[PDB]
K.L.:
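Mind looking over this structure? Questions follow.
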Amino acid sequence: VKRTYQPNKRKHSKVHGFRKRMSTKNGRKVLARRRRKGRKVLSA
Amino acid sequence: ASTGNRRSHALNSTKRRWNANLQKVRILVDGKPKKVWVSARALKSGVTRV
Amino acid sequence: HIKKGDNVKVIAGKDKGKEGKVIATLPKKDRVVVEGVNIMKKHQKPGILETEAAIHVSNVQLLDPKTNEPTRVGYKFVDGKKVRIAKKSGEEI
Amino acid sequence: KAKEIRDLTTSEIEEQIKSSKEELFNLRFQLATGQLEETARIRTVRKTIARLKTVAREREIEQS
Amino acid sequence: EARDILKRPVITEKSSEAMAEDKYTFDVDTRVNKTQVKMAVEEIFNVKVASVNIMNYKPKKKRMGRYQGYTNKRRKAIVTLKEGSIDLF
RNA sequence: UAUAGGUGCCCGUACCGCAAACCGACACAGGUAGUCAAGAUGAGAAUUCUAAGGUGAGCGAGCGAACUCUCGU
RNA sequence: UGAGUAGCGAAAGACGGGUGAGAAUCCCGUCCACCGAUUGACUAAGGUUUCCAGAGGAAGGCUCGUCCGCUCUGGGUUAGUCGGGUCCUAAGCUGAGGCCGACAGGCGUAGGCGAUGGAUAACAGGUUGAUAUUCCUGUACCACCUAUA
RNA sequence: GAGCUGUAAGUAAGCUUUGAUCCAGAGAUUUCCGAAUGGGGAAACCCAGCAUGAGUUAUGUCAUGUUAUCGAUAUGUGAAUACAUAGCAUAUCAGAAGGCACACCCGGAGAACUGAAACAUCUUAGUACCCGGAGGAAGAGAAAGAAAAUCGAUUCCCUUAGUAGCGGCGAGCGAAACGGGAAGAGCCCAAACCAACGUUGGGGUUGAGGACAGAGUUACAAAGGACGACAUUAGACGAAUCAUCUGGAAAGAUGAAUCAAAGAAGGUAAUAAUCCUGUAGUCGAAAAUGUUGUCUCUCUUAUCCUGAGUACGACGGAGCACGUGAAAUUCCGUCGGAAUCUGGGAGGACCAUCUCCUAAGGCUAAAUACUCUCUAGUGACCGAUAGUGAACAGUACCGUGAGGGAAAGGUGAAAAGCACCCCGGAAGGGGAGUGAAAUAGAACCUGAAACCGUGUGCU
Ligand SMILES: [K+]
Ligand SMILES: [K+]
Ligand SMILES: [K+]
Ligand SMILES: [K+]
Ligand SMILES: [K+]
Ligand SMILES: [K+]
Ligand SMILES: [Mg+2]
Ligand SMILES: [Mg+2]
Ligand SMILES: [Mg+2]
Ligand SMILES: [Mg+2]
Ligand SMILES: [Mg+2]
Ligand SMILES: [Mg+2]
Ligand SMILES: [Mg+2]
Ligand SMILES: [Mg+2]
Ligand SMILES: [Mg+2]
Ligand SMILES: [Mg+2]
Ligand SMILES: [Mg+2]
Ligand SMILES: [Mg+2]
Ligand SMILES: [Mg+2]
Ligand SMILES: [Mg+2]
Ligand SMILES: [Mg+2]
Ligand SMILES: [Mg+2]
Ligand SMILES: [Mg+2]
Ligand SMILES: [Mg+2]
Ligand SMILES: [Mg+2]
Ligand SMILES: [Mg+2]
Ligand SMILES: [Mg+2]
Ligand SMILES: [Mg+2]
Ligand SMILES: [Mg+2]
Ligand SMILES: [Mg+2]
Ligand SMILES: [Mg+2]
Ligand SMILES: [Mg+2]
Ligand SMILES: [Mg+2]
Ligand SMILES: [Mg+2]
Ligand SMILES: [Mg+2]
Ligand SMILES: [Mg+2]
Ligand SMILES: [Mg+2]
């Protein structure tokens, strides 16, 4: 059966990547939250 | 624009705004004419219409 | 105050009352290695090798050059350079 | 080595920098072929380059 | 710059067969191009270069105990001489 | 309104890939775009047996009861 | 506890020889059988060293294991021409000025980014344990540079 | 002041009394991404233009510098269009961008569950969240005030007081002045009018005044110096115990001593004021940051006016403890709209009298708020299911993503971490050794219960 996750390097980077997060105010809020929590990984 | 309440007869309150009576007017800013939005109260209380 | 080559007396441990030369020092462990003190009998795989193990520096004491008594260490400033003086007598080491 | 480096001229220090870099590169090649056996020379030459670049940098800042 | 471009020689069975065929294999700085590699080899070893092939190697998974990480990424250059040879001993 | 000599960079290149390496928590009877397309039979890329090539499937040995399932009369 | 119970995930194996502490289960051989519009061959996505050689057998493998996509060590990916960039645009995204909007911001002009499309010069053979239109051999083509013309 | 090349063994090669490793101040270097800014981009990558310079016959390639956008400054080119303007080039500068503990603060905008035993006014609450702006604090602040005998900027603490009051007069909401305290500070403009070219300097700053007739870089104006002193950022000195016993080990027991401006606290083979690191006390800085002083240093010695689209009013809202109320007082939108010391505002509708004050300009330290931090310390706070989620982690793992989010400490005083022999491929054992102890052998202190076995006294 076809499952929900169909990985795609380009789609992953374009939707969840660092530059996409930077492009919006709320995305920069995401990055700030992860930096505050101390995450090793900030984005895709 | 300021913010306040619309109140019904039963005194129900809904948020609303009060907007200035802005009129687009040809004005001389910095010595060069331009069409800017200026309120009627300001126009009566002399920007400078050109 | 304890330095390699110094003659010291053991004041605590199995070798209490023994005397011997300070083989080595370990400042990070605050320990010293003294000749003929604290033999360990290690199993070596190339027999049984006898070697000294370190002891805590606070378990040995310098000996007085005059009265031979164990003495604590003070310091003076003879000719500028800091020098060691026995607290028992007052003479340099 | 800095005191001795400061006795050298400006053209000498550049020549020392070139010659030290060649020596270090020769050491790295010998290490990669298992021929070196004297691995403390590598750190010594690297720090000589650092000292040589420091003295050159001080002179230029001082003159400027 | 040339002695920075060239990092170390590579000694393997495949590299040794290449040396038998007059090809010399170097690990180079991961930022340099094959033209820089050719110039550096010519300058350092006073030889003539027929061609330079180049490739990249990804970081490799490596661990000791509980720590899993990666080795350094590599840039490998194979230099084909037309004139002369390079003595690695 | 030709010959002549010389130069030619970066990224990818391993391996799996209708799967034991991808998506399914699994060495999971599922899902996964395109290309190549042999012979006999035949309208055919259907059917059956084969070619090129690949595979014998990561528990077995007996027994040959009820019962269950899948088949034949 | 249930209990040495259910299950061990579609199917054809047999024997000889070898290795080994140990073999139904690994290697070699012979015969047999299964797919064959495919269980064959080649691209793409996706994965990311799983690839190769030697060594190993705790754990992983639904049994076993001398074996492995597992463990240890050391290796392996070669391009002017292949696919992409140094070319082009589509949807879409973005957008100097600009328009709009409590703020945050939304929209949009020129322009720009953007292949799933357009353009564009290399073939055959050989070779390794692991790469090959990339290495090698033979024979080409394209762009640019310099000299004779 | 003798070791040292991180954690961290392990060798290898070395460094260090001609002073290393280490510690503190000051410098140098400081790849790439990131506001990211030459252009692009799926962060840590790709692709360029100019100038300068290696190199090459030449190209290819390479090195340095520079090239974003909006802004300032001043030189040109310059539309429709005469002049101009917009626009387009250049040159110089480097002003903004983004981040945070952004905790506390100011502003914009602003819920709902909830309570009212239902619910709509009301409450939750101007709370959560979001957005903008800053500082070490912010905000407020020098009376058109509080008041009714007078006080004299603001802020904060106590009290007034759960009072006065507000309120489907329900649920609830809820002051202030007086009094007592912390702290304490006051000033600059606009205008009358003068002298120079409406703009500049002088003039002036208030409850009646004005026109007219020694102080300071903490506001009140802003730049430096000279020197001193103190503090922080490394450090130094620093009193006094020996013996026996048990023990593997003494600090314990016993005996006999000693020091104390030092009997805080850790460590040391068990429990140490005198063994060590220290403590009381005392000393110390090449350099850099701070604080604070003296000298210097400068700055200085009712004729007229007094804040106008204002005050104020009507309508619609909001803030005031206060829900439109008898609602004063403050603010916003719309529209109207004064007076000019014989003036104007307030004293809870309003009028009169009286009393107090002088709006429509600005600045202003301190007492106050907070803690990711740093330094020094504290606890009838935790002690590994506790205490941080985290004593070894925002990791592993889960999720497309926002996001969620563990488990896991202890040999021994000292590795002395079991030479060697034997069975075994190994694993694992039995000896022998080390150790005070190995049922302390690393899956290592203690080793409960469930649970699983072996033997058997009675049955
Ligand atoms: K049976
Ligand atoms: K790929
Ligand atoms: K606020
Ligand atoms: K209720
Ligand atoms: K004036
Ligand atoms: K009203
Ligand atoms: Mg390549
Ligand atoms: Mg391949
Ligand atoms: Mg996988
Ligand atoms: Mg499958
Ligand atoms: Mg399938
Ligand atoms: Mg399909
Ligand atoms: Mg068929
Ligand atoms: Mg299977
Ligand atoms: Mg059971
Ligand atoms: Mg049975
Ligand atoms: Mg049963
Ligand atoms: Mg049964
Ligand atoms: Mg069964
Ligand atoms: Mg099976
Ligand atoms: Mg197939
Ligand atoms: Mg393999
Ligand atoms: Mg098994
Ligand atoms: Mg492997
Ligand atoms: Mg747009
Ligand atoms: Mg292959
Ligand atoms: Mg950039
Ligand atoms: Mg950009
Ligand atoms: Mg901030
Ligand atoms: Mg209710
Ligand atoms: Mg002392
Ligand atoms: Mg009034
Ligand atoms: Mg006034
Ligand atoms: Mg416990
Ligand atoms: Mg915990
Ligand atoms: Mg025990
Ligand atoms: Mg135990």
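By convention in this document, chain letters (A, B, ...) are assigned in the order of the sequence lines, proteins followed by strands, and residues within each chain are numbered from 1. Atom set for the values below is all heavy atoms of this structure, side chains included, hydrogens, waters and symmetry mates excluded.
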K.L.:
Examine the base of G:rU77 for any acceptor or donor lying under 3.5 Å from a partner atom in the side chain of E:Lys58, and report the outcome as yes or no.
P.N.:
no
K.L.:
Consider the side chain of A:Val30, meaning its heavy atoms from C-beta on, and name the nucleotide among H:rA236, H:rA42, H:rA402 that approaches it most closely.
P.N.:
H:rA402
K.L.:
Has B:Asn12 got a side-chain N or O lying under 4.0 Å from the OP1 or OP2 atom of H:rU121?
P.N.:
yes
K.L.:
When the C1' atoms of H:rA137 and H:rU150 are considered, how many whole Å apart are they?
P.N.:
37 Å
K.L.:
Using heavy atoms to find the nearest nucleotide of RNA chain H for A:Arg10 and A:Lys29 separately, return the residue whose nucleotide is more 5′.
P.N.:
A:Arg10
K.L.:
So, are G:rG36 and G:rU128 sitting in a Watson-Crick or G-U wobble pair, both contacts under 3.5 Å?
P.N.:
no
K.L.:
Checking side-chain hydrogen bond (donor to acceptor under 3.5 Å, both in side chains) against E:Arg75, which of E:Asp29, E:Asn33, E:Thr30, E:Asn56 comes through?
P.N.:
E:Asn56
K.L.:
Check this for me: does the side-chain of A:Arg39 come within 3.5 Å of the base of H:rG404 through a donor and an acceptor?
P.N.:
yes
K.L.:
Between H:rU358 and H:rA208, how far apart are the P atoms? Round to whole Å, please.
P.N.:
12 Å
K.L.:
Rounded to whole angstrom, note down the P distance from H:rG55 over to H:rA28.
P.N.:
33 Å
K.L.:
Answer yes or no: does a side-chain N or O of B:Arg16 lie under 4.0 Å from OP1 or OP2 of H:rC332?
P.N.:
no
K.L.:
Regarding H:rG389, can its base be found pairing with the side chain of A:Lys37 as donor and acceptor, where the two atoms are less than 3.5 Å apart?
P.N.:
no
K.L.:
May I ask you to verify if any side-chain N or O of C:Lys16 is less than 4.0 angstrom from the OP1 or OP2 atom of H:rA249?
P.N.:
no
K.L.:
Tell me, please, if H:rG235 and H:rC283 meet the Watson-Crick or G-U wobble pairing rule with both distances under 3.5 Å?
P.N.:
yes
K.L.:
Would a distance-only check, ignoring hydrogens and angles, find a side-chain to backbone donor-acceptor pair under 3.5 Å from C:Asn38 to C:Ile55?
P.N.:
no
K.L.:
With both atom distances required to be under 3.5 Å, do H:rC312 and H:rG336 make a Watson-Crick or G-U wobble pair?
P.N.:
yes
K.L.:
Given H:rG316, H:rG417, F:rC11, which nucleotide is nearest the side-chain atoms of C:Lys42?
P.N.:
H:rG417
K.L.:
Which nucleotide sits closest to the side chain of B:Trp18: H:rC332, H:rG14, H:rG316?
P.N.:
H:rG316
K.L.:
In whole angstrom, give me the gap between the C1' atoms of H:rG399 and H:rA442.
P.N.:
39 Å
K.L.:
Distance check: side-chain N/O of E:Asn56 vs OP1/OP2 of G:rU77, anything under 4.0 Å?
P.N.:
no
K.L.:
Does the pair D:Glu58/D:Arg6 count as a salt bridge with the N-to-O cut at 4.0 Å?
P.N.:
yes
K.L.:
Measure from the side chain of E:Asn53, starting at C-beta and using heavy atoms only, and say which of G:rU134, H:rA240, H:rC131 lies closest.
P.N.:
G:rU134
K.L.:
Give a yes/no answer on whether the side chain of C:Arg72 brings an N or O atom under 4.0 Å of OP1 or OP2 in H:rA240.
P.N.:
yes
K.L.:
Using a 4.0 Å heavy-atom cut-off, does D:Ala50 contact any base of the nucleic acid, only the sugar-phosphate backbone, or nothing at all?
P.N.:
nothing
K.L.:
Can you tell me if the side-chain N/O atoms of C:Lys87 get under 4.0 Å from OP1 or OP2 in H:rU274?
P.N.:
no
K.L.:
Is there a side-chain polar atom (N or O) of E:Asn33 under 4.0 Å from OP1 or OP2 of H:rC62?
P.N.:
yes
K.L.:
Please pick, from H:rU395, H:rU241, H:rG336, the nucleotide with the shortest atom-to-atom distance to any side-chain atom of C:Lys88.
P.N.:
H:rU241
K.L.:
Main chain of D:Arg41, side chain of D:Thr44: is a donor-acceptor contact present, judged purely on distance under 3.5 Å?
P.N.:
no
K.L.:
Heavy atoms under 4.0 Å, any strand shown: does E:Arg31 hit a base, just sugar-phosphate, or nothing?
P.N.:
nothing
K.L.:
Considering just the side-chain nitrogens and oxygens of A:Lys2, establish if one lies under 4.0 Å of OP1 or OP2 belonging to F:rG24.
P.N.:
no
K.L.:
Tell me, please, if G:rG92 and G:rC8 meet the Watson-Crick or G-U wobble pairing rule with both distances under 3.5 Å?
P.N.:
no
K.L.:
Does G:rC93 have OP1 or OP2 sitting under 4.0 Å from an N or O in the side chain of A:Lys14?
P.N.:
no
K.L.:
Would you please confirm or rule out a distance under 4.0 Å between OP1 or OP2 of H:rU400 and any side-chain N or O of A:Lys11?
P.N.:
no
K.L.:
Ignoring backbone atoms, establish whether E:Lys73 has a side-chain N or O less than 4.0 Å from OP1 or OP2 of G:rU49.
P.N.:
no
K.L.:
Do any N or O atoms from the side chain of E:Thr80 and from the backbone of E:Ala50 form a donor-acceptor pair under 3.5 angstrom?
P.N.:
no
K.L.:
If you check every side-chain atom of E:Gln36, which of H:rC275, H:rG401, H:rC62 has the closest atom?
P.N.:
H:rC62
K.L.:
Using atom P in both nucleotides, what's the gap between H:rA68 and H:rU291 to the nearest angstrom?
P.N.:
40 Å
K.L.:
Which nucleotide sits closest to the side chain of A:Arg3: H:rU268, H:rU121, F:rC23?
P.N.:
F:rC23
K.L.:
Should H:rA103 and H:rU454 count as paired, given that a pair must be Watson-Crick or G-U wobble and both distances must be under 3.5 Å?
P.N.:
no
K.L.:
So which nucleotide from H:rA2, H:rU310, G:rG46 ends up closest to the side chain of B:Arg41?
P.N.:
H:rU310
K.L.:
Between the base of H:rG403 and the side chain of A:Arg34, is there any donor-acceptor pair under 3.5 Å?
P.N.:
yes
K.L.:
How far, in whole Å, is H:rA436 from H:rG248 if one measures between their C1' atoms?
P.N.:
5 Å
K.L.:
Nearest of G:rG46, G:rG105, H:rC275 to any side-chain atom of A:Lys25?
P.N.:
G:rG105
K.L.:
Using a distance-only criterion (donor-acceptor N/O pair, under 3.5 Å, no hydrogens), is the base of H:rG333 paired with the side chain of B:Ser2?
P.N.:
no
K.L.:
Where each residue is assigned the nucleotide of RNA chain F containing its nearest heavy atom, which of A:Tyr5 and E:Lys34 is assigned the position nearer the 5′ end?
P.N.:
E:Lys34
K.L.:
Are H:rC70 and H:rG95 base-paired in the Watson-Crick or G-U wobble sense, both distances less than 3.5 Å?
P.N.:
yes
K.L.:
Is any side-chain nitrogen or oxygen of B:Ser13 closer than 4.0 Å to OP1 or OP2 of H:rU121?
P.N.:
no
K.L.:
Work out how far the P atom of G:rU81 is from that of G:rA96, and round it to whole angstrom.
P.N.:
40 Å
K.L.:
Could you check whether H:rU73 and H:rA91 make a Watson-Crick or G-U wobble pair, counting it only if both donor-acceptor distances come in under 3.5 Å?
P.N.:
yes
K.L.:
With RNA chain H as reference, determine whether A:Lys20 or E:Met39 sits nearer its 5' end, using the nearest nucleotide of each.
P.N.:
A:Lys20
K.L.:
Here, do H:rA260 and H:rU18 pair up as Watson-Crick or G-U wobble, each distance under 3.5 Å?
P.N.:
no
K.L.:
Give the nucleotide from the list H:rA419, H:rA43, H:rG3 with an atom nearest to the side chain of C:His43.
P.N.:
H:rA419
K.L.:
Would you state whether a donor and an acceptor, one from the side chain of E:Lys14 and one from the base of G:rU78, lie under 3.5 Å apart?
P.N.:
yes
K.L.:
Looking at A:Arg28, does any N or O in its side chain come under 4.0 Å of the phosphate oxygens OP1/OP2 on H:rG98?
P.N.:
no
K.L.:
Would you say H:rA44 has OP1 or OP2 under 4.0 Å from some side-chain N or O of A:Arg19?
P.N.:
no
K.L.:
For D:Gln30, does its backbone N or O pair with a side-chain atom of D:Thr33 as donor and acceptor, under 3.5 Å?
P.N.:
yes
